[PDB]
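Dropping query.cif in here (mmCIF, C-alpha atoms and all ligand atoms):
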data_input
loop_
_atom_site.label_atom_id
_atom_site.label_comp_id
_atom_site.auth_asym_id
_atom_site.auth_seq_id
_atom_site.Cartn_x
_atom_site.Cartn_y
_atom_site.Cartn_z
CA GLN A 37 -6.51 13.12 77.26
CA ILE A 38 -7.80 16.62 76.58
CA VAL A 39 -11.25 14.97 76.84
CA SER A 40 -10.84 13.60 80.40
CA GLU A 41 -9.39 16.88 81.68
CA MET A 42 -12.41 18.78 80.34
CA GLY A 43 -14.86 16.55 82.22
CA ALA A 44 -18.41 17.85 81.91
CA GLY A 45 -19.18 21.28 80.49
CA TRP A 46 -21.67 24.01 81.28
CA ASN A 47 -22.87 26.80 78.93
CA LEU A 48 -23.04 30.39 80.19
CA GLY A 49 -26.06 30.75 77.92
CA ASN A 50 -28.13 33.91 77.31
CA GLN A 51 -25.32 36.27 78.40
CA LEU A 52 -22.50 37.43 76.18
CA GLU A 53 -24.41 36.22 73.05
CA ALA A 54 -27.56 38.07 74.02
CA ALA A 55 -28.28 41.02 71.76
CA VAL A 56 -31.09 43.44 71.01
CA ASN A 57 -31.41 45.48 67.84
CA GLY A 58 -28.03 44.05 66.81
CA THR A 59 -26.11 45.22 69.89
CA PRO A 60 -24.68 42.59 72.33
CA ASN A 61 -25.84 43.08 75.90
CA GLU A 62 -25.39 40.39 78.56
CA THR A 63 -28.46 41.53 80.57
CA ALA A 64 -30.86 41.72 77.57
CA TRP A 65 -32.17 38.17 77.85
CA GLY A 66 -33.35 37.96 81.52
CA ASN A 67 -30.04 37.19 83.23
CA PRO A 68 -27.98 39.44 85.57
CA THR A 69 -24.50 40.73 84.67
CA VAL A 70 -22.12 37.76 85.01
CA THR A 71 -20.04 37.78 88.24
CA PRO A 72 -17.19 35.45 89.29
CA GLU A 73 -19.28 33.86 92.09
CA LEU A 74 -21.55 32.30 89.43
CA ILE A 75 -18.61 30.53 87.77
CA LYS A 76 -17.32 29.47 91.22
CA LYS A 77 -20.74 27.89 91.92
CA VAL A 78 -20.81 25.97 88.60
CA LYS A 79 -17.30 24.64 89.31
CA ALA A 80 -18.46 23.61 92.83
CA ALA A 81 -21.31 21.67 91.18
CA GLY A 82 -18.66 19.43 89.46
CA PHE A 83 -18.30 21.13 86.04
CA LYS A 84 -14.73 21.36 84.71
CA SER A 85 -15.30 23.34 81.50
CA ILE A 86 -17.40 26.38 80.71
CA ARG A 87 -18.63 27.31 77.29
CA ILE A 88 -19.11 31.02 76.69
CA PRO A 89 -21.31 32.01 73.76
CA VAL A 90 -20.25 35.50 72.55
CA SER A 91 -21.92 37.71 69.94
CA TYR A 92 -20.22 40.52 68.11
CA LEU A 93 -22.74 41.99 65.64
CA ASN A 94 -22.91 45.80 65.81
CA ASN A 95 -19.96 45.94 68.20
CA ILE A 96 -17.92 45.38 65.02
CA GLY A 97 -16.92 48.67 63.39
CA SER A 98 -17.08 49.38 59.66
CA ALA A 99 -14.96 48.07 56.80
CA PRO A 100 -12.10 47.72 56.06
CA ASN A 101 -10.92 47.37 59.67
CA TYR A 102 -13.97 45.84 61.35
CA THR A 103 -12.60 47.07 64.72
CA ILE A 104 -14.41 45.48 67.69
CA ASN A 105 -15.45 47.89 70.47
CA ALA A 106 -12.57 47.87 72.94
CA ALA A 107 -15.04 47.83 75.86
CA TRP A 108 -16.62 44.70 74.40
CA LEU A 109 -13.30 42.80 74.14
CA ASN A 110 -12.41 44.00 77.62
CA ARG A 111 -15.77 42.66 78.93
CA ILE A 112 -15.35 39.29 77.23
CA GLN A 113 -11.83 39.06 78.65
CA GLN A 114 -13.15 39.75 82.24
CA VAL A 115 -15.77 36.98 81.84
CA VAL A 116 -13.24 34.49 80.38
CA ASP A 117 -10.94 35.35 83.35
CA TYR A 118 -13.68 34.40 85.82
CA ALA A 119 -13.47 30.86 84.41
CA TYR A 120 -9.84 30.69 83.37
CA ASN A 121 -8.53 31.92 86.74
CA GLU A 122 -10.50 29.11 88.36
CA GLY A 123 -8.44 26.47 86.49
CA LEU A 124 -11.32 25.57 84.15
CA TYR A 125 -11.38 24.93 80.45
CA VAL A 126 -13.03 27.75 78.57
CA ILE A 127 -14.49 27.85 75.12
CA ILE A 128 -15.23 31.14 73.36
CA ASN A 129 -17.03 31.34 70.05
CA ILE A 130 -18.82 33.54 67.54
CA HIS A 131 -22.51 32.85 68.35
CA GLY A 132 -25.36 35.22 67.21
CA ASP A 133 -23.35 36.49 64.19
CA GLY A 134 -23.75 33.23 62.24
CA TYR A 135 -27.60 33.24 62.38
CA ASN A 136 -29.96 34.42 59.67
CA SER A 137 -32.56 34.84 62.41
CA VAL A 138 -30.46 37.14 64.68
CA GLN A 139 -30.74 40.85 63.86
CA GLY A 140 -27.35 41.99 62.65
CA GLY A 141 -26.35 38.42 61.71
CA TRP A 142 -23.80 38.55 58.86
CA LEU A 143 -21.79 35.30 58.75
CA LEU A 144 -24.29 33.80 56.33
CA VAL A 145 -23.41 30.82 54.09
CA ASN A 146 -26.36 31.92 51.99
CA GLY A 147 -24.87 35.41 51.68
CA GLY A 148 -24.22 36.68 48.15
CA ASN A 149 -21.16 38.64 49.27
CA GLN A 150 -18.90 35.78 50.42
CA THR A 151 -15.64 37.67 49.81
CA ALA A 152 -16.95 40.40 52.13
CA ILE A 153 -18.14 37.87 54.74
CA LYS A 154 -14.82 36.08 54.77
CA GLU A 155 -12.81 39.31 55.10
CA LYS A 156 -14.92 40.48 58.06
CA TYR A 157 -14.64 37.02 59.67
CA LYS A 158 -10.81 36.97 59.24
CA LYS A 159 -10.42 40.48 60.75
CA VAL A 160 -12.79 39.67 63.64
CA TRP A 161 -10.95 36.45 64.53
CA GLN A 162 -7.62 38.27 64.19
CA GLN A 163 -8.66 40.72 66.93
CA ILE A 164 -10.14 38.06 69.22
CA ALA A 165 -7.04 35.89 68.75
CA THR A 166 -4.72 38.89 69.36
CA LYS A 167 -6.69 39.74 72.53
CA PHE A 168 -6.30 36.18 73.92
CA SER A 169 -2.81 35.33 72.63
CA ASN A 170 -1.14 34.85 76.05
CA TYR A 171 -3.79 32.45 77.40
CA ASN A 172 -2.80 28.77 77.54
CA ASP A 173 -4.36 25.49 76.27
CA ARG A 174 -7.23 25.76 78.74
CA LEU A 175 -8.60 28.49 76.44
CA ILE A 176 -10.30 26.97 73.33
CA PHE A 177 -11.50 28.97 70.30
CA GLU A 178 -14.66 27.81 68.65
CA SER A 179 -14.94 29.14 65.05
CA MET A 180 -18.68 29.61 65.01
CA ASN A 181 -21.85 28.26 66.56
CA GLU A 182 -24.76 26.89 64.50
CA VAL A 183 -24.13 27.82 60.91
CA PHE A 184 -26.66 27.07 58.15
CA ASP A 185 -29.15 28.70 55.72
CA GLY A 186 -32.18 28.58 58.01
CA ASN A 187 -33.48 25.41 56.23
CA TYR A 188 -33.84 22.06 58.08
CA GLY A 189 -33.40 19.57 55.24
CA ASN A 190 -30.53 18.43 53.06
CA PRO A 191 -27.62 20.97 53.10
CA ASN A 192 -26.96 22.92 49.88
CA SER A 193 -23.48 21.85 48.72
CA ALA A 194 -22.37 25.35 47.65
CA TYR A 195 -23.40 26.65 51.07
CA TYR A 196 -21.51 23.85 52.85
CA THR A 197 -18.42 24.92 50.91
CA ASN A 198 -18.79 28.45 52.36
CA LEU A 199 -19.09 26.96 55.89
CA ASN A 200 -15.98 24.87 55.17
CA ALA A 201 -14.20 28.04 53.99
CA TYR A 202 -14.95 29.80 57.33
CA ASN A 203 -13.50 26.93 59.29
CA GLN A 204 -10.30 27.07 57.18
CA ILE A 205 -9.96 30.90 57.46
CA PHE A 206 -10.51 30.62 61.24
CA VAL A 207 -7.77 28.00 61.66
CA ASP A 208 -5.12 29.74 59.47
CA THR A 209 -5.98 33.22 60.86
CA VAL A 210 -5.64 32.08 64.49
CA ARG A 211 -2.41 30.16 63.79
CA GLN A 212 -0.81 33.22 62.21
CA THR A 213 -1.33 35.40 65.32
CA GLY A 214 1.28 33.09 66.95
CA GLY A 215 1.82 31.25 70.28
CA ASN A 216 -0.08 30.35 72.29
CA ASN A 217 -2.44 30.66 69.31
CA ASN A 218 -0.18 28.58 67.08
CA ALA A 219 -0.73 25.59 69.39
CA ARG A 220 -4.11 26.07 71.00
CA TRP A 221 -7.04 23.72 70.44
CA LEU A 222 -9.50 25.06 67.85
CA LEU A 223 -13.10 23.78 67.79
CA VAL A 224 -15.08 23.72 64.51
CA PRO A 225 -18.60 22.53 63.62
CA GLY A 226 -20.27 21.15 60.53
CA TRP A 227 -23.68 22.04 59.13
CA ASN A 228 -26.07 23.41 61.81
CA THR A 229 -23.92 21.52 64.37
CA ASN A 230 -25.90 18.51 63.10
CA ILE A 231 -24.28 15.05 63.57
CA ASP A 232 -25.87 13.48 60.47
CA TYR A 233 -24.90 16.33 58.21
CA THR A 234 -21.42 16.38 59.79
CA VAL A 235 -20.65 12.63 59.63
CA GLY A 236 -22.53 11.79 56.37
CA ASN A 237 -21.40 12.47 52.79
CA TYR A 238 -23.08 15.93 52.63
CA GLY A 239 -19.94 18.05 52.12
CA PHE A 240 -18.15 18.56 55.42
CA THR A 241 -14.38 18.81 55.07
CA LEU A 242 -11.78 18.93 57.84
CA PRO A 243 -9.71 22.11 57.85
CA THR A 244 -5.95 21.76 57.25
CA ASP A 245 -3.58 23.09 59.95
CA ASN A 246 -0.63 24.13 57.69
CA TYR A 247 0.22 27.42 59.41
CA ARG A 248 0.72 25.65 62.70
CA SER A 249 4.40 24.98 63.32
CA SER A 250 4.97 25.58 59.57
CA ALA A 251 8.77 25.32 59.86
CA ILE A 252 8.77 22.21 62.05
CA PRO A 253 5.65 20.62 60.51
CA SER A 254 2.67 18.86 62.02
CA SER A 255 1.24 16.35 62.21
CA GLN A 256 -0.63 15.74 65.51
CA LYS A 257 -4.04 17.41 65.46
CA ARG A 258 -4.92 20.48 67.54
CA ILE A 259 -8.42 20.62 66.06
CA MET A 260 -11.67 19.40 67.72
CA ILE A 261 -15.07 18.86 66.12
CA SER A 262 -18.33 20.37 67.40
CA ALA A 263 -21.86 19.03 67.36
CA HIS A 264 -24.92 19.79 69.46
CA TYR A 265 -27.60 17.34 70.45
CA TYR A 266 -31.26 18.09 71.25
CA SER A 267 -32.91 14.97 69.80
CA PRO A 268 -35.76 14.13 70.08
CA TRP A 269 -36.98 17.67 69.53
CA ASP A 270 -40.50 16.68 70.66
CA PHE A 271 -39.24 16.01 74.18
CA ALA A 272 -36.18 18.31 74.37
CA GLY A 273 -37.32 21.55 72.63
CA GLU A 274 -40.97 21.72 71.55
CA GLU A 275 -42.66 24.36 73.69
CA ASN A 276 -45.85 22.54 74.60
CA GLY A 277 -47.07 19.74 76.78
CA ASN A 278 -47.59 17.09 74.09
CA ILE A 279 -44.37 15.23 74.89
CA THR A 280 -42.94 15.29 78.42
CA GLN A 281 -41.24 11.91 78.95
CA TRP A 282 -38.30 10.15 77.48
CA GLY A 283 -36.37 6.92 77.49
CA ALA A 284 -36.64 3.37 78.80
CA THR A 285 -37.95 4.20 82.27
CA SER A 286 -40.97 6.00 80.80
CA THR A 287 -43.98 3.74 80.36
CA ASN A 288 -46.51 6.42 79.39
CA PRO A 289 -47.19 6.25 75.61
CA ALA A 290 -49.53 9.23 75.60
CA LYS A 291 -46.61 11.46 76.78
CA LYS A 292 -43.45 9.67 75.72
CA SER A 293 -41.34 10.83 72.82
CA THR A 294 -41.94 9.10 69.51
CA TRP A 295 -38.27 8.84 68.50
CA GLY A 296 -34.64 9.54 69.44
CA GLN A 297 -34.52 7.06 72.31
CA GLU A 298 -31.51 5.19 73.73
CA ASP A 299 -30.84 3.24 70.52
CA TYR A 300 -30.80 6.43 68.44
CA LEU A 301 -28.51 8.21 70.90
CA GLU A 302 -26.04 5.31 70.72
CA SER A 303 -25.90 5.28 66.91
CA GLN A 304 -25.52 9.08 66.73
CA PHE A 305 -22.56 9.31 69.12
CA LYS A 306 -21.15 6.10 67.61
CA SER A 307 -20.98 7.86 64.23
CA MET A 308 -18.99 10.85 65.64
CA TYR A 309 -16.58 8.43 67.32
CA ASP A 310 -16.12 6.39 64.12
CA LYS A 311 -15.61 9.43 61.84
CA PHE A 312 -13.55 11.77 64.09
CA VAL A 313 -12.45 10.46 67.50
CA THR A 314 -10.68 7.49 65.85
CA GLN A 315 -8.90 9.94 63.52
CA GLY A 316 -7.39 11.94 66.43
CA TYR A 317 -9.98 14.75 66.51
CA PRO A 318 -11.49 15.21 69.95
CA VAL A 319 -15.27 15.83 69.86
CA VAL A 320 -17.17 18.40 71.91
CA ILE A 321 -20.95 18.08 72.24
CA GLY A 322 -21.10 21.88 72.83
CA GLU A 323 -24.79 21.95 73.73
CA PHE A 324 -27.39 19.39 74.95
CA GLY A 325 -30.38 19.59 77.29
CA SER A 326 -34.16 19.53 77.56
CA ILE A 327 -36.58 22.34 78.36
CA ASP A 328 -38.58 22.50 81.61
CA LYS A 329 -42.06 20.92 81.09
CA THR A 330 -43.03 20.48 84.78
CA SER A 331 -45.87 22.98 84.09
CA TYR A 332 -47.46 20.24 81.94
CA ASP A 333 -46.38 17.02 83.67
CA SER A 334 -45.26 16.90 87.26
CA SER A 335 -42.87 13.94 86.42
CA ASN A 336 -40.85 15.86 83.74
CA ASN A 337 -37.71 16.50 85.84
CA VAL A 338 -37.30 12.76 86.26
CA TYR A 339 -37.01 12.52 82.49
CA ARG A 340 -34.89 15.67 82.12
CA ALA A 341 -32.34 14.02 84.50
CA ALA A 342 -32.61 10.67 82.65
CA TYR A 343 -32.03 12.39 79.31
CA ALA A 344 -29.02 14.32 80.68
CA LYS A 345 -27.60 11.16 82.30
CA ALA A 346 -27.87 9.18 79.07
CA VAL A 347 -26.40 11.93 76.91
CA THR A 348 -23.46 12.53 79.31
CA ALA A 349 -22.73 8.81 79.79
CA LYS A 350 -22.81 8.12 76.01
CA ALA A 351 -20.39 10.97 75.35
CA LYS A 352 -18.17 9.63 78.11
CA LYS A 353 -18.28 6.19 76.42
CA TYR A 354 -17.27 7.62 73.02
CA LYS A 355 -14.57 9.97 74.37
CA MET A 356 -16.40 13.24 73.67
CA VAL A 357 -17.01 16.22 75.95
CA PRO A 358 -20.67 16.78 76.97
CA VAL A 359 -21.49 20.46 77.59
CA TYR A 360 -24.89 21.31 79.12
CA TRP A 361 -27.03 24.14 77.65
CA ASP A 362 -28.09 26.44 80.53
CA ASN A 363 -29.83 29.62 79.46
CA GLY A 364 -30.49 30.96 83.03
CA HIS A 365 -34.25 30.72 82.61
CA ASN A 366 -35.86 28.93 85.53
CA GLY A 367 -39.49 28.67 84.43
CA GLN A 368 -41.70 27.27 81.70
CA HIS A 369 -39.51 25.81 78.93
CA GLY A 370 -36.42 26.89 80.86
CA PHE A 371 -33.08 25.12 80.73
CA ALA A 372 -31.52 26.59 83.89
CA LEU A 373 -29.85 24.47 86.60
CA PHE A 374 -28.95 27.53 88.69
CA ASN A 375 -30.71 30.69 89.78
CA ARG A 376 -28.18 33.29 88.67
CA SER A 377 -29.87 36.02 90.80
CA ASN A 378 -29.36 34.24 94.10
CA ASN A 379 -26.44 32.07 93.03
CA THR A 380 -28.28 28.90 94.13
CA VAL A 381 -28.86 25.47 92.59
CA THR A 382 -32.33 24.96 91.13
CA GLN A 383 -31.98 21.55 89.43
CA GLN A 384 -29.84 19.39 91.72
CA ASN A 385 -31.24 16.14 90.19
CA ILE A 386 -30.11 17.12 86.70
CA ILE A 387 -26.64 18.12 87.99
CA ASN A 388 -26.63 14.73 89.79
CA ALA A 389 -27.52 12.92 86.57
CA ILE A 390 -24.62 14.69 84.73
CA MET A 391 -22.09 13.79 87.43
CA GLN A 392 -23.33 10.20 87.53
CA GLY A 393 -22.97 10.09 83.71
CA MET A 394 -19.37 11.34 84.01
CA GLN A 395 -18.33 8.34 86.12
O1 LIG B 401 -31.99 39.49 67.50
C1 LIG B 401 -32.13 38.35 68.32
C2 LIG B 401 -33.33 37.57 67.79
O2 LIG B 401 -33.25 36.21 68.17
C3 LIG B 401 -34.17 35.39 67.47
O3 LIG B 401 -34.04 33.99 67.79
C4 LIG B 401 -32.76 33.45 67.53
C5 LIG B 401 -31.94 33.38 68.81
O4 LIG B 401 -32.67 32.67 69.86
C6 LIG B 401 -32.33 33.10 71.17
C7 LIG B 401 -32.59 31.92 72.10
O5 LIG B 401 -31.44 31.09 72.22
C8 LIG B 401 -31.71 29.89 72.90
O6 LIG B 401 -30.57 29.06 73.06
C9 LIG B 401 -30.25 28.43 71.84
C10 LIG B 401 -28.74 28.64 71.55
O7 LIG B 401 -28.47 29.99 71.28
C11 LIG B 401 -28.29 27.81 70.35
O8 LIG B 401 -26.88 27.87 70.20
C12 LIG B 401 -28.77 26.40 70.64
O9 LIG B 401 -28.22 25.43 69.79
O10 LIG B 401 -30.18 26.44 70.59
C13 LIG B 401 -30.59 26.93 71.86
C14 LIG B 401 -32.04 26.53 72.18
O11 LIG B 401 -32.96 27.13 71.29
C15 LIG B 401 -32.14 30.21 74.33
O12 LIG B 401 -32.44 29.04 75.06
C16 LIG B 401 -33.36 31.09 74.31
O13 LIG B 401 -33.65 31.31 75.67
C17 LIG B 401 -33.09 32.35 73.48
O14 LIG B 401 -34.32 33.01 73.27
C18 LIG B 401 -34.37 34.33 73.78
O15 LIG B 401 -34.75 34.28 75.12
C19 LIG B 401 -34.76 35.53 75.75
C20 LIG B 401 -35.13 35.34 77.21
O16 LIG B 401 -36.44 34.85 77.32
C21 LIG B 401 -36.67 33.95 78.43
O17 LIG B 401 -36.24 34.44 79.63
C22 LIG B 401 -36.84 35.68 80.03
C23 LIG B 401 -38.37 35.56 80.07
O18 LIG B 401 -39.00 36.82 80.28
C24 LIG B 401 -38.86 34.96 78.77
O19 LIG B 401 -40.26 34.84 78.79
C25 LIG B 401 -38.16 33.63 78.54
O20 LIG B 401 -38.69 33.02 77.38
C26 LIG B 401 -35.63 36.55 74.99
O21 LIG B 401 -35.32 37.83 75.52
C27 LIG B 401 -36.48 38.60 75.83
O22 LIG B 401 -36.94 39.30 74.69
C28 LIG B 401 -38.24 39.78 74.94
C29 LIG B 401 -38.95 40.04 73.61
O23 LIG B 401 -38.02 40.54 72.67
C30 LIG B 401 -38.06 41.01 75.83
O24 LIG B 401 -39.33 41.56 76.16
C31 LIG B 401 -37.26 40.67 77.11
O25 LIG B 401 -36.67 41.84 77.64
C32 LIG B 401 -36.16 39.60 76.93
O26 LIG B 401 -36.00 38.86 78.12
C33 LIG B 401 -35.32 36.55 73.48
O27 LIG B 401 -36.20 37.36 72.74
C34 LIG B 401 -35.37 35.14 72.95
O28 LIG B 401 -35.03 35.12 71.57
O29 LIG B 401 -30.74 32.82 68.55
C35 LIG B 401 -30.81 31.44 68.21
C36 LIG B 401 -31.66 31.26 66.94
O30 LIG B 401 -32.06 29.93 66.77
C37 LIG B 401 -32.97 32.02 67.06
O31 LIG B 401 -33.67 31.93 65.84
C38 LIG B 401 -35.63 35.81 67.72
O32 LIG B 401 -36.47 35.12 66.81
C39 LIG B 401 -35.80 37.32 67.55
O33 LIG B 401 -37.07 37.76 68.01
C40 LIG B 401 -34.68 38.10 68.27
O34 LIG B 401 -34.80 37.95 69.68
#
Show the structure stored in the file as structure tokens.
Amino acid sequence: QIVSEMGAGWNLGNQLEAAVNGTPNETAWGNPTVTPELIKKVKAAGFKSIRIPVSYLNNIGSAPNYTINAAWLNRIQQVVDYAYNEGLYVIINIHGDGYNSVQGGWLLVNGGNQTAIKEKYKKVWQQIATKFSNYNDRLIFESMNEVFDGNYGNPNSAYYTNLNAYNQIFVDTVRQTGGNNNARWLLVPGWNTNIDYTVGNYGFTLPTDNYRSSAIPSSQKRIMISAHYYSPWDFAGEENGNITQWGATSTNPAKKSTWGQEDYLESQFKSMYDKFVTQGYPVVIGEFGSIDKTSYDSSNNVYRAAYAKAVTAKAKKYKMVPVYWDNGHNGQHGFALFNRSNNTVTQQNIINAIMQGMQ
């Protein structure tokens, strides 16, 4: 399967998506410039795929051409090479651009100018796809990252239609730049990469792949579905010491998460299997992880490893690819498993839990 070959994934987080004042800058969010030795270390840890968040933002020139700074494409291509030349699977996306909350963000489903958004998106993907056209199947394009209106409840149907439109433009645009783009795996999310809003009857539609092999048609899918998983937020993302433990081995009610335990995890990943995996769409859990709370509770890393084990093992069970969110921050509320400055492992137990989960 594509899924077994991809094994477990690691995110090169807070690098090529990092941006200040709208301008992408891989050193702007506390990490050093990426070097090939980092990617060699991650591979050595057991990871077989790397996900590479990339932001474009002000590196995109004006209309009507929306030309991407040559030096930026050349940088992205160097970083992708670090992974690709190591025999890994590599995912590149459009990351910061899709966020209302990121300065310079423009790929907004709540935008009034959709015809303008879609034209910029098409032209941007055209250039990225042209740049990467000779790379093989180990290079995956991910259409966008977490795309929504900034609101956490029920998705607006008209807005979901916009998101669906971007997925479709992405697919057809990439296919039309031709081999190896005509054949390569393309990864697409639903609403806010949220499982419930992606599997439920909220508006998600699968993109057609009509421009692929148009003269010798179809019909085997070269599309994957994205979702991210950080539930329960109280344990995995809330930046305070209220909730520091998780799962069946925790027996401390004052500190244990109040939802999203093992039962919930099962039913969530079960729904992605039922809706997509069984239909021939691989599924990539493109981000998962829990923030460092050892500054509040000296037992927290036990539960960070337990959480990562459970998440990885459940994905393995349902034939989806688990990809760890590492933002390089070793510290309070950090996600890092490596020190990128000294190229050393900082969370061996969590890496161990991932590899155990992948068995
Ligand atoms: O214009 C950018 C804009 O971003 C706004 O927030 C949006 C932005 O969040 C960035 C964060 O992403 C997290 O990963 C997420 C991932 O992208 C998603 O795909 C995933 O699904 O969710 C993930 C989890 O949330 C990532 O983990 C965060 O780390 C990142 O936050 C940024 O962190 C950096 C680095 O800070 C840390 O390391 C260095 C330490 O010094 C620091 O104390 C640590 O916390 C921040 O960079 C720092 O910026 C400060 C102040 O500006 C500078 O002084 C300093 O030089 C620099 O290191 C950065 O500010 C912070 O945002 O994208 C995702 C979207 O959800 C968010 O809404 C912010 O609200 C804006 O202020 C602005 O930064």
Just need the box for region 42-54 of chain A, edges along x, y and z, holding every atom the file lists for it with 3 Å tacked onto each side, so centre and edge lengths in Å to one decimal, as lines of an AutoDock Vina configuration file.
center_x = -20.3
center_y = 27.3
center_z = 77.6
size_x = 21.7
size_y = 27.5
size_z = 15.2
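Each of A:364, A:43, A:82, A:72 was compared to ligand LIG 401 (chain B) using all atoms listed in the file, and A:364 turns out to be the nearest.
Distance-wise, CA of residue 334 (chain A) and CA of residue 293 (chain A) end up 16.1 Å apart.
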So that each row is one residue of chain A with an atom at most 6 Å from ligand LIG 401 (chain B), can you give its shortest atom pair and the distance in Å to one decimal, using all atoms listed in the file, rows by chain and rising number, as a Markdown table?
| residue | atom | partner | partner_atom | distance |
| --- | --- | --- | --- | --- |
| A:55 | CA | B:LIG401 | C1 | 5.8 |
| A:56 | CA | B:LIG401 | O1 | 5.4 |
| A:64 | CA | B:LIG401 | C32 | 5.7 |
| A:65 | CA | B:LIG401 | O26 | 3.9 |
| A:66 | CA | B:LIG401 | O26 | 4.4 |
| A:137 | CA | B:LIG401 | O31 | 4.6 |
| A:138 | CA | B:LIG401 | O1 | 4.0 |
| A:139 | CA | B:LIG401 | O1 | 4.1 |
| A:363 | CA | B:LIG401 | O12 | 5.1 |
| A:365 | CA | B:LIG401 | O17 | 5.2 |
Got time to write the residues from that selection, C-alpha atoms, as a CSV table (one decimal), keeping the file's coordinate frame?
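As a result, selection_19.csv now contains:
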chain,number,residue,atom,x,y,z
A,55,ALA,CA,-28.3,41.0,71.8
A,56,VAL,CA,-31.1,43.4,71.0
A,64,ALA,CA,-30.9,41.7,77.6
A,65,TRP,CA,-32.2,38.2,77.8
A,66,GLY,CA,-33.4,38.0,81.5
A,137,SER,CA,-32.6,34.8,62.4
A,138,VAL,CA,-30.5,37.1,64.7
A,139,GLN,CA,-30.7,40.8,63.9
A,363,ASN,CA,-29.8,29.6,79.5
A,365,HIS,CA,-34.2,30.7,82.6
field: Spatial neighbours of residue 265 (chain A), 10 Å, all atoms listed in the file, chain gap at least 2 places, as a ChimeraX atom specification
entry: /A:229-231,263,267-269,272,301,304-305,321-326,347,358-361
Give as a PDB file with C-alpha atoms, in the coordinates of the input every residue, naming chains and numbers as the document does, that has an atom within 12 Å of (-2.8, 27.1, 67.8), counting only C-alpha atoms.
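Generated output (part_38.pdb):
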ATOM      1  CA  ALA A 165      -7.040  35.890  68.750  1.00  0.00           C
ATOM      2  CA  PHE A 168      -6.300  36.180  73.920  1.00  0.00           C
ATOM      3  CA  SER A 169      -2.810  35.330  72.630  1.00  0.00           C
ATOM      4  CA  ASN A 170      -1.140  34.850  76.050  1.00  0.00           C
ATOM      5  CA  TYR A 171      -3.790  32.450  77.400  1.00  0.00           C
ATOM      6  CA  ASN A 172      -2.800  28.770  77.540  1.00  0.00           C
ATOM      7  CA  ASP A 173      -4.360  25.490  76.270  1.00  0.00           C
ATOM      8  CA  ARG A 174      -7.230  25.760  78.740  1.00  0.00           C
ATOM      9  CA  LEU A 175      -8.600  28.490  76.440  1.00  0.00           C
ATOM     10  CA  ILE A 176     -10.300  26.970  73.330  1.00  0.00           C
ATOM     11  CA  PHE A 177     -11.500  28.970  70.300  1.00  0.00           C
ATOM     12  CA  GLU A 178     -14.660  27.810  68.650  1.00  0.00           C
ATOM     13  CA  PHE A 206     -10.510  30.620  61.240  1.00  0.00           C
ATOM     14  CA  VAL A 207      -7.770  28.000  61.660  1.00  0.00           C
ATOM     15  CA  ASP A 208      -5.120  29.740  59.470  1.00  0.00           C
ATOM     16  CA  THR A 209      -5.980  33.220  60.860  1.00  0.00           C
ATOM     17  CA  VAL A 210      -5.640  32.080  64.490  1.00  0.00           C
ATOM     18  CA  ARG A 211      -2.410  30.160  63.790  1.00  0.00           C
ATOM     19  CA  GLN A 212      -0.810  33.220  62.210  1.00  0.00           C
ATOM     20  CA  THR A 213      -1.330  35.400  65.320  1.00  0.00           C
ATOM     21  CA  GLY A 214       1.280  33.090  66.950  1.00  0.00           C
ATOM     22  CA  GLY A 215       1.820  31.250  70.280  1.00  0.00           C
ATOM     23  CA  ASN A 216      -0.080  30.350  72.290  1.00  0.00           C
ATOM     24  CA  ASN A 217      -2.440  30.660  69.310  1.00  0.00           C
ATOM     25  CA  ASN A 218      -0.180  28.580  67.080  1.00  0.00           C
ATOM     26  CA  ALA A 219      -0.730  25.590  69.390  1.00  0.00           C
ATOM     27  CA  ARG A 220      -4.110  26.070  71.000  1.00  0.00           C
ATOM     28  CA  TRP A 221      -7.040  23.720  70.440  1.00  0.00           C
ATOM     29  CA  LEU A 222      -9.500  25.060  67.850  1.00  0.00           C
ATOM     30  CA  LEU A 223     -13.100  23.780  67.790  1.00  0.00           C
ATOM     31  CA  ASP A 245      -3.580  23.090  59.950  1.00  0.00           C
ATOM     32  CA  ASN A 246      -0.630  24.130  57.690  1.00  0.00           C
ATOM     33  CA  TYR A 247       0.220  27.420  59.410  1.00  0.00           C
ATOM     34  CA  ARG A 248       0.720  25.650  62.700  1.00  0.00           C
ATOM     35  CA  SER A 249       4.400  24.980  63.320  1.00  0.00           C
ATOM     36  CA  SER A 250       4.970  25.580  59.570  1.00  0.00           C
ATOM     37  CA  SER A 254       2.670  18.860  62.020  1.00  0.00           C
ATOM     38  CA  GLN A 256      -0.630  15.740  65.510  1.00  0.00           C
ATOM     39  CA  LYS A 257      -4.040  17.410  65.460  1.00  0.00           C
ATOM     40  CA  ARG A 258      -4.920  20.480  67.540  1.00  0.00           C
ATOM     41  CA  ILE A 259      -8.420  20.620  66.060  1.00  0.00           C
ATOM     42  CA  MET A 260     -11.670  19.400  67.720  1.00  0.00           C
TER      43      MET A 260
END
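CA of residue 142 (chain A) is positioned 11.6 Å from CA of residue 185 (chain A).
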- prompt: Contacts of region 192-200 of chain A at 7 Å or less, counting all atoms listed in the file, minus same-chain residues fewer than 5 places along, as number ranges by chain?
  reply: A: 145-146, 227, 239-241
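The coordinates place CA of residue 99 (chain A) at 9.2 Å from CA of residue 152 (chain A).
Each of A:277, A:68, A:134, A:191 was compared to residue 290 (chain A) using only C-alpha atoms, and A:277 turns out to be the nearest.
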query: Restricting the calculation to only C-alpha atoms, which member of A:184, A:271, A:233, A:92 is positioned closest to residue 132 (chain A)?
result: A:92
